[PDB]
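Chemist: Sharing query-v2.pdb, PDB, C-alpha atoms and all ligand atoms:
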ATOM      1  CA  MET A   1       0.000   0.000   0.000
ATOM      2  CA  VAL A   2       3.043   2.338   0.476
ATOM      3  CA  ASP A   3       5.239   0.217  -1.765
ATOM      4  CA  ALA A   4       5.760   2.389  -4.854
ATOM      5  CA  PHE A   5       6.994   5.282  -2.616
ATOM      6  CA  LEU A   6       9.879   3.237  -1.241
ATOM      7  CA  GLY A   7      13.433   3.921  -2.342
ATOM      8  CA  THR A   8      15.939   6.686  -2.861
ATOM      9  CA  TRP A   9      14.742   9.881  -4.553
ATOM     10  CA  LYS A  10      16.616  12.974  -5.762
ATOM     11  CA  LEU A  11      15.209  16.511  -6.093
ATOM     12  CA  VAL A  12      14.923  17.556  -9.759
ATOM     13  CA  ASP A  13      12.481  20.513  -9.701
ATOM     14  CA  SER A  14      11.221  22.985  -7.105
ATOM     15  CA  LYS A  15       8.471  25.606  -7.285
ATOM     16  CA  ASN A  16       7.650  28.134  -4.548
ATOM     17  CA  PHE A  17       9.862  26.608  -1.845
ATOM     18  CA  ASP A  18      10.999  30.074  -0.795
ATOM     19  CA  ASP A  19       7.335  31.079  -0.325
ATOM     20  CA  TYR A  20       6.743  28.004   1.824
ATOM     21  CA  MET A  21       9.844  28.531   3.977
ATOM     22  CA  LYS A  22       9.073  32.232   4.376
ATOM     23  CA  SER A  23       5.510  31.411   5.509
ATOM     24  CA  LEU A  24       7.018  29.167   8.204
ATOM     25  CA  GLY A  25       9.311  32.007   9.400
ATOM     26  CA  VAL A  26      12.581  30.614   8.079
ATOM     27  CA  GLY A  27      15.200  33.362   7.941
ATOM     28  CA  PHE A  28      16.598  34.757   4.704
ATOM     29  CA  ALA A  29      20.067  33.217   4.970
ATOM     30  CA  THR A  30      18.653  29.729   5.530
ATOM     31  CA  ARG A  31      16.201  30.193   2.653
ATOM     32  CA  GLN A  32      19.277  31.168   0.340
ATOM     33  CA  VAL A  33      21.074  28.046   1.119
ATOM     34  CA  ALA A  34      17.957  25.824   0.925
ATOM     35  CA  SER A  35      17.005  27.292  -2.464
ATOM     36  CA  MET A  36      20.243  25.841  -3.898
ATOM     37  CA  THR A  37      20.161  22.481  -2.132
ATOM     38  CA  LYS A  38      18.933  19.255  -3.845
ATOM     39  CA  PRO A  39      18.086  16.788  -1.103
ATOM     40  CA  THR A  40      17.968  13.046  -1.328
ATOM     41  CA  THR A  41      14.890  11.485   0.270
ATOM     42  CA  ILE A  42      15.054   7.822   1.325
ATOM     43  CA  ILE A  43      11.815   6.027   2.228
ATOM     44  CA  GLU A  44      12.185   2.538   3.775
ATOM     45  CA  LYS A  45       9.804   0.171   5.549
ATOM     46  CA  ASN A  46      10.265  -2.616   8.034
ATOM     47  CA  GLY A  47       6.890  -4.165   8.700
ATOM     48  CA  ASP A  48       4.527  -1.459   9.899
ATOM     49  CA  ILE A  49       7.294   1.096  10.483
ATOM     50  CA  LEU A  50       8.322   3.603   7.831
ATOM     51  CA  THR A  51      11.530   5.594   8.009
ATOM     52  CA  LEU A  52      11.909   8.758   5.911
ATOM     53  CA  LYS A  53      15.385  10.299   5.654
ATOM     54  CA  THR A  54      16.140  13.641   4.009
ATOM     55  CA  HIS A  55      19.837  14.243   3.312
ATOM     56  CA  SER A  56      21.613  17.272   1.897
ATOM     57  CA  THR A  57      24.736  19.374   2.115
ATOM     58  CA  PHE A  58      22.854  21.701   4.493
ATOM     59  CA  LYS A  59      20.559  19.774   6.815
ATOM     60  CA  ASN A  60      19.656  16.163   7.462
ATOM     61  CA  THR A  61      16.479  14.796   9.016
ATOM     62  CA  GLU A  62      15.072  11.366   9.832
ATOM     63  CA  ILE A  63      11.638  10.331  11.074
ATOM     64  CA  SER A  64      10.155   6.903  11.825
ATOM     65  CA  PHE A  65       6.433   6.309  12.138
ATOM     66  CA  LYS A  66       3.531   3.905  11.657
ATOM     67  CA  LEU A  67       0.854   5.010   9.295
ATOM     68  CA  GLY A  68      -2.075   6.438  11.145
ATOM     69  CA  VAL A  69      -0.309   6.796  14.510
ATOM     70  CA  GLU A  70       0.668  10.244  15.799
ATOM     71  CA  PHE A  71       4.356  10.897  16.511
ATOM     72  CA  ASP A  72       6.440  13.761  17.824
ATOM     73  CA  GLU A  73       8.697  15.398  15.226
ATOM     74  CA  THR A  74      11.318  18.158  15.256
ATOM     75  CA  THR A  75      11.461  19.592  11.756
ATOM     76  CA  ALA A  76      14.481  20.786   9.744
ATOM     77  CA  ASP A  77      13.603  24.370  10.773
ATOM     78  CA  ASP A  78      13.319  23.330  14.455
ATOM     79  CA  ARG A  79       9.539  23.328  14.898
ATOM     80  CA  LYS A  80       8.364  20.806  17.529
ATOM     81  CA  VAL A  81       5.217  19.384  15.989
ATOM     82  CA  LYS A  82       2.645  16.606  16.407
ATOM     83  CA  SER A  83       2.614  14.587  13.179
ATOM     84  CA  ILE A  84       0.636  11.871  11.472
ATOM     85  CA  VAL A  85       1.176  10.204   8.094
ATOM     86  CA  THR A  86      -1.555   8.325   6.277
ATOM     87  CA  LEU A  87      -2.458   7.069   2.808
ATOM     88  CA  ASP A  88      -5.309   9.023   1.282
ATOM     89  CA  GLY A  89      -6.325   8.552  -2.343
ATOM     90  CA  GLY A  90      -3.037   6.717  -2.907
ATOM     91  CA  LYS A  91      -1.091   9.741  -1.669
ATOM     92  CA  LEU A  92       1.162   9.709   1.323
ATOM     93  CA  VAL A  93      -0.237  12.671   3.482
ATOM     94  CA  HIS A  94       1.936  14.012   6.325
ATOM     95  CA  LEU A  95       0.148  16.527   8.595
ATOM     96  CA  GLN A  96       2.142  18.565  11.169
ATOM     97  CA  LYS A  97       0.410  20.511  13.986
ATOM     98  CA  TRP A  98       1.965  23.026  16.390
ATOM     99  CA  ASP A  99       0.775  26.195  18.162
ATOM    100  CA  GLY A 100      -2.664  25.737  16.498
ATOM    101  CA  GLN A 101      -0.902  25.915  13.060
ATOM    102  CA  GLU A 102      -0.840  23.137  10.478
ATOM    103  CA  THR A 103       1.144  22.281   7.405
ATOM    104  CA  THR A 104       0.680  19.373   5.005
ATOM    105  CA  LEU A 105       3.345  17.515   3.038
ATOM    106  CA  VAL A 106       1.576  15.422   0.379
ATOM    107  CA  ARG A 107       3.459  12.902  -1.772
ATOM    108  CA  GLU A 108       2.102  11.261  -4.889
ATOM    109  CA  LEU A 109       3.435   9.395  -7.837
ATOM    110  CA  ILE A 110       2.877  10.830 -11.329
ATOM    111  CA  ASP A 111       4.557   9.199 -14.520
ATOM    112  CA  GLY A 112       7.032   7.518 -11.993
ATOM    113  CA  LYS A 113       8.080  10.827 -10.359
ATOM    114  CA  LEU A 114       7.440  11.605  -6.675
ATOM    115  CA  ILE A 115       5.601  14.984  -6.393
ATOM    116  CA  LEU A 116       5.752  16.582  -2.942
ATOM    117  CA  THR A 117       3.223  19.373  -2.340
ATOM    118  CA  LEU A 118       3.906  21.517   0.742
ATOM    119  CA  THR A 119       1.127  23.841   1.989
ATOM    120  CA  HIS A 120       1.289  26.337   4.877
ATOM    121  CA  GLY A 121      -0.919  29.387   5.074
ATOM    122  CA  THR A 122      -1.605  30.308   1.477
ATOM    123  CA  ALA A 123       1.844  29.127   0.262
ATOM    124  CA  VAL A 124       1.852  26.058  -1.970
ATOM    125  CA  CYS A 125       5.181  24.547  -3.017
ATOM    126  CA  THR A 126       5.647  21.705  -5.475
ATOM    127  CA  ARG A 127       8.876  19.685  -5.450
ATOM    128  CA  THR A 128       9.604  16.866  -7.836
ATOM    129  CA  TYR A 129      11.832  13.923  -7.049
ATOM    130  CA  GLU A 130      13.121  11.222  -9.385
ATOM    131  CA  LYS A 131      14.021   7.721  -8.342
ATOM    132  CA  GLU A 132      17.647   6.629  -7.971
ATOM    133  CA  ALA A 133      18.478   3.057  -9.082
TER     134      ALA A 133
HETATM  135  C1  LIG B 201      12.507  23.414   6.110
HETATM  136  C2  LIG B 201      11.025  23.371   5.882
HETATM  137  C3  LIG B 201      10.503  22.021   6.155
HETATM  138  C4  LIG B 201      10.939  20.808   5.395
HETATM  139  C5  LIG B 201      11.062  20.922   3.932
HETATM  140  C6  LIG B 201      10.979  19.634   3.165
HETATM  141  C7  LIG B 201      11.419  19.691   1.783
HETATM  142  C8  LIG B 201      11.713  18.413   1.032
HETATM  143  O1  LIG B 201      11.653  17.326   1.635
HETATM  144  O2  LIG B 201      12.010  18.513  -0.201
END
Go through the file and emit its structure as structure tokens.
Modeler:
Amino acid sequence: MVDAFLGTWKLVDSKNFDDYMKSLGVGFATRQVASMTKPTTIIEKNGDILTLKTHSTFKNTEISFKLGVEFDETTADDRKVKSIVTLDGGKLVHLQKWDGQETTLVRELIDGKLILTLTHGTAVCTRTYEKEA
């Protein structure tokens, strides 16, 4: 049910990521660097537990979770959030909540590419990842 998302993915396109980061309050110097970074995202499962790694020259993150079970997360920009990841319409939907705020990170597969849509406030960012062999 998560199976086609699994593997190693490389960023190959990004739209409106600065808008998204700015909406979250990320400072200008961090946004510079992030705008030029091409992370690698690794999605692995072991039974019911998924692990999602994001690696770059700037920041690294790792989360582990079961689908449909809330978990604590500390994001790349140091927000302490309550998170849940589910499958919805075949999309992997990650919802983060903190301070009454929310942001969604939605992943879907289109033509074999992994499209990540990030929404916070009115900002909508679309990042495209391609699978590494
Ligand atoms: C720093 C803002 C929060 C995380 C951004 C995730 C981007 C990505 O995985 O391509």
Chemist: Please build the interface table for chain A against ligand LIG 201 (chain B) with a cut-off of 9 Å, listing for each qualifying residue the nearest atom pair and the distance in Å to one decimal; count only C-alpha atoms and all ligand atoms, order rows by chain and increasing number, and write it as JSON lines.
Modeler:
{"residue": "A:11", "atom": "CA", "partner": "B:LIG201", "partner_atom": "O2", "distance": 7.0}
{"residue": "A:14", "atom": "CA", "partner": "B:LIG201", "partner_atom": "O2", "distance": 8.3}
{"residue": "A:17", "atom": "CA", "partner": "B:LIG201", "partner_atom": "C7", "distance": 8.0}
{"residue": "A:20", "atom": "CA", "partner": "B:LIG201", "partner_atom": "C2", "distance": 7.5}
{"residue": "A:21", "atom": "CA", "partner": "B:LIG201", "partner_atom": "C2", "distance": 5.6}
{"residue": "A:24", "atom": "CA", "partner": "B:LIG201", "partner_atom": "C2", "distance": 7.4}
{"residue": "A:26", "atom": "CA", "partner": "B:LIG201", "partner_atom": "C1", "distance": 7.5}
{"residue": "A:30", "atom": "CA", "partner": "B:LIG201", "partner_atom": "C1", "distance": 8.8}
{"residue": "A:31", "atom": "CA", "partner": "B:LIG201", "partner_atom": "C1", "distance": 8.5}
{"residue": "A:34", "atom": "CA", "partner": "B:LIG201", "partner_atom": "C1", "distance": 7.9}
{"residue": "A:38", "atom": "CA", "partner": "B:LIG201", "partner_atom": "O2", "distance": 7.9}
{"residue": "A:39", "atom": "CA", "partner": "B:LIG201", "partner_atom": "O2", "distance": 6.4}
{"residue": "A:40", "atom": "CA", "partner": "B:LIG201", "partner_atom": "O2", "distance": 8.2}
{"residue": "A:41", "atom": "CA", "partner": "B:LIG201", "partner_atom": "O1", "distance": 6.8}
{"residue": "A:53", "atom": "CA", "partner": "B:LIG201", "partner_atom": "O1", "distance": 8.9}
{"residue": "A:54", "atom": "CA", "partner": "B:LIG201", "partner_atom": "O1", "distance": 6.3}
{"residue": "A:55", "atom": "CA", "partner": "B:LIG201", "partner_atom": "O1", "distance": 8.9}
{"residue": "A:59", "atom": "CA", "partner": "B:LIG201", "partner_atom": "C1", "distance": 8.9}
{"residue": "A:61", "atom": "CA", "partner": "B:LIG201", "partner_atom": "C4", "distance": 8.9}
{"residue": "A:75", "atom": "CA", "partner": "B:LIG201", "partner_atom": "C3", "distance": 6.2}
{"residue": "A:76", "atom": "CA", "partner": "B:LIG201", "partner_atom": "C1", "distance": 4.9}
{"residue": "A:77", "atom": "CA", "partner": "B:LIG201", "partner_atom": "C1", "distance": 4.9}
{"residue": "A:78", "atom": "CA", "partner": "B:LIG201", "partner_atom": "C1", "distance": 8.4}
{"residue": "A:79", "atom": "CA", "partner": "B:LIG201", "partner_atom": "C3", "distance": 8.9}
{"residue": "A:105", "atom": "CA", "partner": "B:LIG201", "partner_atom": "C6", "distance": 7.9}
{"residue": "A:116", "atom": "CA", "partner": "B:LIG201", "partner_atom": "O2", "distance": 7.1}
{"residue": "A:118", "atom": "CA", "partner": "B:LIG201", "partner_atom": "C6", "distance": 7.7}
{"residue": "A:126", "atom": "CA", "partner": "B:LIG201", "partner_atom": "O2", "distance": 8.9}
{"residue": "A:127", "atom": "CA", "partner": "B:LIG201", "partner_atom": "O2", "distance": 6.2}
{"residue": "A:128", "atom": "CA", "partner": "B:LIG201", "partner_atom": "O2", "distance": 8.2}
{"residue": "A:129", "atom": "CA", "partner": "B:LIG201", "partner_atom": "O2", "distance": 8.2}
Chemist: Residue by residue, what does the PyMOL selection byres (((chain A and resi 63) around 6) and not hetatm) grab here? Present the result as an MDAnalysis selection string.
Modeler: chainID A and resid 51:52 62 64
Chemist: Need the shell around residue 1 in chain A: protein/DNA/RNA residues with any atom at most 10 Å away, counting all atoms listed in the file. Skip same-chain ones fewer than 5 positions apart. Format as a ChimeraX atom specification?
Modeler: /A:87,90-92
Chemist: Give the answer as one residue: which of A:3, A:117, A:81, A:86 has the shortest atom-to-atom distance to residue 102 in chain A, using only C-alpha atoms?
Modeler: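 For residue 102 in chain A, the nearest of the candidates is A:81.
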Chemist: Starting from the shown file, work through the PyMOL selection byres (((chain A and resi 67-72) around 10) and not hetatm) and note down what comes out as an MDAnalysis selection string.
Modeler: chainID A and resid 2 48:50 63:66 73:75 80:87 92:97
Chemist: Work out how far CA of residue 44 in chain A is from CA of residue 125 in chain A, in Å to one decimal.
Modeler: 24.1 Å
Chemist: Evaluate the PyMOL selection byres (((chain A and resi 111) around 12) and not hetatm) against this structure - the residues, as JSON, numbers by chain, please.
Modeler: {"A": [4, 108, 109, 110, 112, 113, 114, 115, 128, 129, 130, 131]}
Chemist: To one decimal place in Å, what is the distance between CA of residue 121 in chain A and CA of residue 12 in chain A?
Modeler: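 These atoms are spaced 24.7 Å apart.
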Chemist: So the first atom is CA of residue 10 in chain A and the second is CA of residue 57 in chain A; what is the distance between them in Å, to one decimal place?
Modeler: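 Interatomic distance, CA of residue 10 in chain A to CA of residue 57 in chain A: 13.0 Å.
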Chemist: Using only C-alpha atoms, find the one residue out of A:99, A:13, A:88, A:19 that sits nearest to residue 120 in chain A.
Modeler: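 Of all the options, A:19 lies closest to residue 120 in chain A.
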Chemist: Under the rule that only C-alpha atoms are counted, which of A:35, A:103, A:132, A:98 is the nearest residue to residue 18 in chain A?
Modeler: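 Closest residue, counting only C-alpha atoms: A:35.
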Chemist: From the set A:58, A:46, A:5, A:122, which residue has the shortest atom-to-atom contact distance to residue 106 in chain A, counting all atoms listed in the file?
Modeler: A:5
Chemist: Which of these, A:104, A:56, A:133, A:43, has the shortest distance to residue 7 in chain A once you count all atoms listed in the file?
Modeler: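 Smallest distance to residue 7 in chain A is found for A:43.
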Chemist: Could you give me the centre and size, in Å to one decimal, of an axis-aligned box around all listed atoms of range 25-33 of chain A with 5 Å added on every side, as lines of an AutoDock Vina configuration file?
Modeler:
center_x = 15.2
center_y = 31.4
center_z = 4.9
size_x = 21.8
size_y = 16.7
size_z = 19.1
